[PDB]
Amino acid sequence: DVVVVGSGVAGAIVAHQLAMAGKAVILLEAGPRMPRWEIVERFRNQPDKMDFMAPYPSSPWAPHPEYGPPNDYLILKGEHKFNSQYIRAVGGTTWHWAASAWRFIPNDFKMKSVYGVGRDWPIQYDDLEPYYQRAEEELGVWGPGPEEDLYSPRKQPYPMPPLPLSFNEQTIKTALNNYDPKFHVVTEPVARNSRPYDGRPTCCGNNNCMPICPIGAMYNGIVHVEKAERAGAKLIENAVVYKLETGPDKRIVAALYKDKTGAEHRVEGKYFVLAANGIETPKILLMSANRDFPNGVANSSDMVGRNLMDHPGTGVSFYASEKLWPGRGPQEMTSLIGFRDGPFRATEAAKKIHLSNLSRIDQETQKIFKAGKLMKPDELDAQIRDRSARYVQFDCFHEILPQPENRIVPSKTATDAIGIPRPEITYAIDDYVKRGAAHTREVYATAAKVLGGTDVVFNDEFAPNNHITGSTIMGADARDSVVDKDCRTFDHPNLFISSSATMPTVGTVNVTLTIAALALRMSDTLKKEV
């Protein structure tokens, strides 16, 4: 009936919707089923608790990127590393996310028209709103009410209100908004429970959201996998897909997948949804070149794997003069959103900026022992407490504009343990981002000044942020674009792509709520095809 490929959120929502409307479903997950208690124990037993991939092993047959230390799965060329993370396992990469759950703002959808750069969406905010709201309700998202304007106009209030801000984050909101109300520091919307919700407990302040909440007080992809399964979808773990076959009638006829042995298998149904992620999905597509489609399925555009995007990151850290004590409650409760929009967006990149509320005991204890100076236990404790108390760090997402030379292709040369080719990402970061970043570095310096900042360190190397978007871009017309404004493939009237791959613009904020929205949209549209 429907084969869905990818058991993350993008694809589990879809699977759950349809198997609810009775129409029988098959969900293929490359990775294995690993339960929460195991991820947790793996975390407790990892030596660098700042490595958010570390408690998620790459299966030989369905590997994913690692960097503590490198496993080399991705082939990175170009001028910059696309060292984003993701997880291959039942439930997908939102095992390990922060559950930041934003909406894009209206102008984000009309970037060339309005700002004369990048590239419009076909649909616009209006069209997405009611799906945002449904996504918020399905994920369980809390957020502020009318006392704070998040610049994406709402029909309903948030399903939940925030838990109170930590001292750290409220004090800094108050101080920063008092220096410059332009900054508009606000409480951040997040897929996390301020009360018992859809059967999940309220948030307790494990301060471990990356890389696992132990109790599921925040949303994880697994929630809708389990939903889909009770609603009668068939989960097949360790089924890693490497080809879709195109049938005579131009549609999609089957998906081919290797198990953990390298042995090959074949799955048929009526409709096909790729919700692999923004890398593995292009990869499957081009692995699938064949007689009638010499350029790889859905790629009459030449745009598949292309347009690849993520939020080039940039940071500051210092010791504040006031005590603040990061590490209490969630790792992020707040954001500084006053530069998501502006005329400047024609010249240079917009950002969201966010203060970290991560515990820094380890970090700052480690630091002190590096100074190579024996202390009386009392000095040592005094200092651990003080340093851990006063550390502050800001990071940020910059927008990067969709660019066709930024792309992922399946390696001609390199391969994995079961004989599937490997992602080869070319990627560069141009002056649009870099001029945005120069302004950010000034906000940072000002934040430091305001907060009595000491030992200020600027982090000017662009970090990844795991927001993998572009690679099957969304279009009006089917040749500079892969999917219509419904995430139907232009080339295959029975293939949809549920992923941030589809998003032509990456905007200023975490992309996953938008995905959840598109997923529900798609699932409506598909519910109509008997």
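Residue numbers run from 1 along the displayed sequence.
Here 277-285 and 331-339 are compared by their mean Cα B-factor, and 277-285 comes out higher. In this crystal structure, the stretch out of 389-397 and 128-136 whose C-alpha atoms carry the higher mean B factor is 128-136. Each of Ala463, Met474, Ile39, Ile468 has a CA temperature factor in the record; the biggest one is found at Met474.
Which of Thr489, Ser58, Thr502, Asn45 has the largest Cα B-factor in the deposited entry comes down to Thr489.
Per the deposited record, the Cα B-factor of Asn168 falls in the lowest third when ranked against the other modelled residues of its chain. In this PDB entry, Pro153 carries a Cα temperature factor that places it within the middle third of its chain's modelled residues. Annotation for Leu513: C-alpha temperature factor in the lowest third relative to the rest of the modelled chain, per the entry. Compared with the other modelled residues of the chain, the Cα B-factor recorded for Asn208 ranks in the middle third. Compared with the other modelled residues of the chain, the Cα B-factor recorded for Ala54 ranks in the lowest third.
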